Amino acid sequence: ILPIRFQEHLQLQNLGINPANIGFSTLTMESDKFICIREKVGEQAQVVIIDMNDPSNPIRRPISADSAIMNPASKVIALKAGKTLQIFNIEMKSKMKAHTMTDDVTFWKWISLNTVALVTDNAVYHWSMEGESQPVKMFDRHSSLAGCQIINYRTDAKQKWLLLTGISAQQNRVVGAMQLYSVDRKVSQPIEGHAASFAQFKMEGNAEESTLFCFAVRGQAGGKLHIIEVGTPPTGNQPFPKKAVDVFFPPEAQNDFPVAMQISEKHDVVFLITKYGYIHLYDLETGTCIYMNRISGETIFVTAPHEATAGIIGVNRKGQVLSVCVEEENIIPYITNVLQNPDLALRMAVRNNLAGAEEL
């Protein structure tokens, strides 16, 4: 028995997608609901929009944009061309919003149902879709990210803790540079890191949730995963004790590093995917490594939460759309019997209402 389940949802090449467009710059998956692919067919640039609830009927529309990102929940699409940003409601055939920046946008992403984050060479902005909002600057970029390829941006649930991640080549390895910014303190901290997520976690005996910051890094010393509370604990709460654990890379994976993280708050577990397609599962509370295996030969270059299972969904370079999630019937007996860790097994069983710790 295995503590995780691995599923294929789609092969994009079966929908006529050119494998040259299956990559970070042309294929976006902002949630598990849609995949957008920018393609050129003859003379005309187009966007192919795959509705994951109706995947054999993609729509193709002409575009003149250098990037397209679908809203996480609705058929509302953001497109840009240099400094021009436009937002469309597809079913209304309507241009919702248009804005002209004074800098090119090198990376952008939906960070919520109604806010787009914009990263320029110099700063990070948030742009709300509510009312007549224009972009608001959140922070200036830290010099440690200068010249990096920006690969991710995320926030905590309350948008008070913000995290920008870039990568570059240094001493012949891919080095991660992160900028953590506190909205309330107006302070940044540079941190070496490859993939990260925030999470809400309520410790037993606390009345309020803790906001945790989790990141994984392959540093010069090796792989590490950190889980740390950000901010002052809510009044009355005990602080979450920080955790730090090794992230293992086998000897043949000397050039591998973390590329994606999703945290399930249903099960309080951390999914980590590496550049060369390894999947790890960690306990969010302790950092304990529950499971590692290999899910792809090809790099998985984009991921999202898989809402139905509280797992992770991703696309690889071949165009396989794959998800991983906790096997709810197996995880507890796996931890008890294979990991020989009845203490973690019993804690997780009661913490997340999972079967299997009736016998330890």
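In case it trips you up, residue 1 is the first one in the sequence shown, and so on. Definition used throughout: the rigid core is the maximal C-alpha set that superposes within 1.5 Å between two forms.
Stretch 128-136 is the one, of 262-270 and 128-136, whose CA positions lie farther from the shown form in 8 other deposited structures of this protein once all structures are superposed by the rigid core. The stretch 42-50 shows the higher mean C-alpha B-factor when 42-50 is compared against 309-317 in the entry. Of the two segments, 230-238 and 106-114, the one listed with the higher mean B-factor is 230-238 (C-alpha atoms only).
Of the candidates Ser144, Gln159, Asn206, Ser188, the deposited coordinates give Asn206 the top C-alpha B factor. The entry assigns its greatest Cα B factor, within the set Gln262, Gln220, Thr274, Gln86, to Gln220.
Ranked by Cα temperature factor within the chain, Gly176 sits in the lowest third according to the deposited record. Compared with the other modelled residues of the chain, the Cα B-factor recorded for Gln254 ranks in the highest third. Residue-level temperature factors show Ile59 in the highest third of its chain, judged at the C-alpha atom. Per the deposited record, the Cα B-factor of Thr303 falls in the lowest third when ranked against the other modelled residues of its chain. Annotation for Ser323: CA B-factor lies in the middle third of the chain's modelled residues.
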